[PDB]
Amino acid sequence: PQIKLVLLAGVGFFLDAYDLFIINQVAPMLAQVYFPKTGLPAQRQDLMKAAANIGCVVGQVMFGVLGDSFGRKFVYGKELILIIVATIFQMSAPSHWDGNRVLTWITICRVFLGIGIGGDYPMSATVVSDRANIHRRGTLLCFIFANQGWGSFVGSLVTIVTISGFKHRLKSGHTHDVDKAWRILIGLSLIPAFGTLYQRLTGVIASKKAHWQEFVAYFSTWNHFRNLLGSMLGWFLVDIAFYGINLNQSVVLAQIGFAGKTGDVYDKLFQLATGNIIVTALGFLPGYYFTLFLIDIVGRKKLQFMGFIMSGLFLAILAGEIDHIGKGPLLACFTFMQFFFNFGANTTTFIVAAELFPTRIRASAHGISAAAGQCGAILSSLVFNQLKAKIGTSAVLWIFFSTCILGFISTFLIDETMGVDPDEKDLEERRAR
């Protein structure tokens, strides 16, 4: 039936999400092995974490050219093998290498990893927005998008299980086995990857200038231009804080009381992994499902309004009080923020970008909107840890705060897509004129 296809897209989203966010759990282990006395260099850590998002836009543009040039049967399988190979090379960095060399190994591997993740990422949204043509199209988009929380959650769940497995061996003095652990965290993504592989198995310039002429003609009108504008900004703006935080969630929990002064090698890693599962289970994951139950009742905008404006509130409380109040109050607000990321802008911007546009231009407008989002992701990802040392963490959170207010303001540019058919709206727009 039609069901088996959306699950395959879901596990595609899950694997992308797992592979994307698992770098947040892997980074602290690399520190203990190759840089035990000093932290990971700021510039090198930023490059490593942005690498996946950098490839993510390269993927959907390259797999866009190749997919438009030679069809869909030329990209469907090849996207999955690229992230599999990138996982293996990343997994098998020579353990006898220098710290900087190991880092440079992993950064490069994750770029190719991003290129594959970029393929099935916008392609999983169109298959179910074009197919449904029903009021319950948003809940379908949200369900596949909800796998992003499971990717972050399962990665967090995998981490505590892995760390607790090395407990006795670490306590008995075998401290280098953490070098084995971080390879296991990355490798475990291979299990659904191979399973999906089997199930997936078992006049070009004249047309590009004609669709460009229609695209330019369409988005040269205000009521049509602004819909692409708000779609581009909202996805761009939410991804700044969203990926800057979620790819650095372990860094924030280090300013909070989860990075102490007590404990040995195991005690340190386990307390940090404890906070990560708390936040992603209590906040990050359920946010997708609150969005799931209310988009076709409340509307995309009101949820986007709330999502942008609520997560901002908790960002200001952090920035003002992070250096002044205790761990408890800070942790609670951090979880609330993560909750309203997925219960709000992060999920709706993905939905709104696929729901706003008539099909005749939707591929570009969603592609540009998704590309716009990844642009915000790479911005924060590339500079997050560098700013943290130059201006301080409180100052950086004030920046993420400002991006949320602008997202709230920009959301006014969007038409509410709940229950509206963008193709029927375009047809009625034309028949009246």
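So that there is no doubt, residue numbering starts at 1 and follows the sequence shown.
Stretch comparison (165 to 173 versus 246 to 254) by mean CA B-factor in the PDB entry places 165 to 173 on top.
Between 418 to 426 and 10 to 18, the higher mean Cα B-factor belongs to 418 to 426. Note on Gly155, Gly328, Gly312, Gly195: the highest value goes to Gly195, judged by CA B factor as recorded. Out of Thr107, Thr280, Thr159, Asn133, the entry records its largest CA B-factor for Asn133. In this PDB entry, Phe70 carries a Cα temperature factor that places it within the highest third of its chain's modelled residues.
The entry lists a Cα temperature factor for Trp97 that places it in the middle third of the chain's modelled residues. Sort the chain's modelled residues by C-alpha temperature factor and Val57 lands in the middle third, per the entry.
Per the deposited record, the Cα B-factor of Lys302 falls in the middle third when ranked against the other modelled residues of its chain. For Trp398, the recorded CA temperature factor ranks within the lowest third of the chain's modelled residues.
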